[PDB]
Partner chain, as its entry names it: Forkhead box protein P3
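Encoded as structure tokens, the following chain is the form solved without the partner chain, with no partner shown.
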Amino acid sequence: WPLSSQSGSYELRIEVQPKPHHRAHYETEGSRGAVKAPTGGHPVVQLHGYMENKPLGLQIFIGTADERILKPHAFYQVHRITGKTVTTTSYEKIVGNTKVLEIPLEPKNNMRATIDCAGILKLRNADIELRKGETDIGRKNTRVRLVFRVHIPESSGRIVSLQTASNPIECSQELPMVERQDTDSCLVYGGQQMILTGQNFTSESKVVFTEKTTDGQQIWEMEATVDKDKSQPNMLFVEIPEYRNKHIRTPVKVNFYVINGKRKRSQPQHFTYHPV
């Protein structure tokens, strides 16, 4: 529905936001999986002020993230994952030019709902812009927001319709960047703390040290553990790794980079090791 709503006398809140990224899939591919949450779980929606003992139907559809008139995204449609097992929530498929998922919000769970039945299909830019009426374009526009709605019936006969939107979700298959290093060196034993000040640093970021021969033959590689804290979206706390040879009589130049998965390595950062 293009009309905007909010959170009237009660309140519909997203208790658990979905990961910032989520590669969507095409009709040409097979499901690319449900929208997952950073916690390794799934996003969670909850209706608070409801006291009655009647189950409502939470509605889920994919909407726009940028611009600003929250509306169904023309190039994305929620996908009903048929989790023969993994699925913890029942589903239903409706329409209105855009597909909508309806999951039950039951008081049994304190009107709380785990969303692990929602995927993200991606229609083909051409196929869309090709239909009479649409003026928006797909190109470069792949940000999305999960939209949740509930239609609360009050004994008085009225219908209160709340709605909420997740944070933005990138839906396309963005690398790390280091600007400053808390420390520049340390000695063989390691231990000392190094705080990296940069960008794109996510909870899934990794830091690895490496040493190469003047040619390029990497002879050393070791992952230095990041930190227990949520760190920061632009700050990492790395515990300098130990070295492979404490018995050095001259400092040793090495490198360390930040990586986010596979094809996501930051430029090599310089770091030296002083002999005992």
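Positions refer to the first chain, counted from 1. Heads up, when I say rigid core I mean the largest set of C-alphas that superpose within 1.5 Å between the two forms.
Between residue 173 and residue 174 - deposited residues without coordinates, as a size class: The entry leaves 4 to 9 residues without coordinates here.
Can you tell me which stretch has the higher mean Cα B-factor, 258-266 or 10-18? In the deposited entry, the stretch with the higher C-alpha B-factor mean is 258-266.
Mean Cα B-factor comparison, 183-191 or 98-106, giving the higher one as deposited: Here the higher of the two C-alpha B-factor means belongs to 183-191.
Highest recorded Cα temperature factor - choice among 31, 250, 53, 59: In this record, 250 carries the highest C-alpha B-factor of the candidates.
Whose CA atom has the top B-factor in the entry, of 46, 232, 64, 39? Among 46, 232, 64, 39, the highest C-alpha B-factor in the entry belongs to 232.
Chain-relative CA temperature factor third for residue 204: Residue 204: CA B-factor falls in the highest third of its chain.
Would you check the entry's CA temperature factor for residue 35 and let me know if it's in the chain's lowest, middle or highest third? Residue 35: CA B-factor falls in the lowest third of its chain.
Below, we turn to the form solved in complex with the partner chain, even though it does not appear here.
Select from the listed residues 155, 90, 85, 135 the one whose heavy atoms reach within 4.5 Å of the partner chain in the entry with it bound. Of the candidates 155, 90, 85, 135, 135 is the one lying within 4.5 Å of the partner chain in the entry with it bound.
In the entry with it bound, the residue from 29, 223, 66, 52 that sits within 4.5 Å of the partner chain by heavy atoms: Here the answer is residue option 66.
Considering the partner chain in the entry with it bound, find the one stretch among 127-135, 76-84, 92-100, 110-118 with heavy atoms no farther than 4.5 Å from it. Careful reading of the contacts points to 127-135.
If you check in the entry with it bound, is residue 265 within 4.5 Å of the partner chain, heavy atoms only? Residue 265: contacts the partner chain in the entry with it bound.
Should residue 141 be classed as touching the partner chain in the entry with it bound when contacts are defined as heavy atoms within 4.5 Å? Contact with the partner chain, yes.
Select from 74, 78, 147, 194 the only position whose Cα moves 2 Å or more between this form and the one not shown when the core is aligned. Meeting the 2 Å or more criterion is only 194.
Residue 240: with the rigid core matched between this form and the one not shown, does its Cα shift 2 Å or more? Yes; residue 240 is a residue whose C-alpha shifts (by 2 Å or more) between this form and the one not shown when the cores are overlaid.
With both forms fit on the core, has residue 205 moved 2 Å or more by CA between this form and the one not shown? Residue 205 C-alpha, core-superposed: shift of 2 Å or more.
Please say whether, between this form and the one not shown, the C-alpha of residue 12 moves by 2 Å or more once the core is aligned. Comparing forms between this form and the one not shown, the residue 12 CA shifts below 2 Å.
Can you tell whether residue 30 sits closer to or farther from residue 87 in the entry with it bound than it does here, judged by CA atoms, where the change is 3 Å or more? They are farther apart; the C-alpha distance rises by 3 Å or more in the entry with it bound.
Compared with this form, is the residue 103-residue 86 Cα separation smaller or larger in the entry with it bound, the difference being 3 Å or more? Residues converge in the entry with it bound, at least 3 Å closer.
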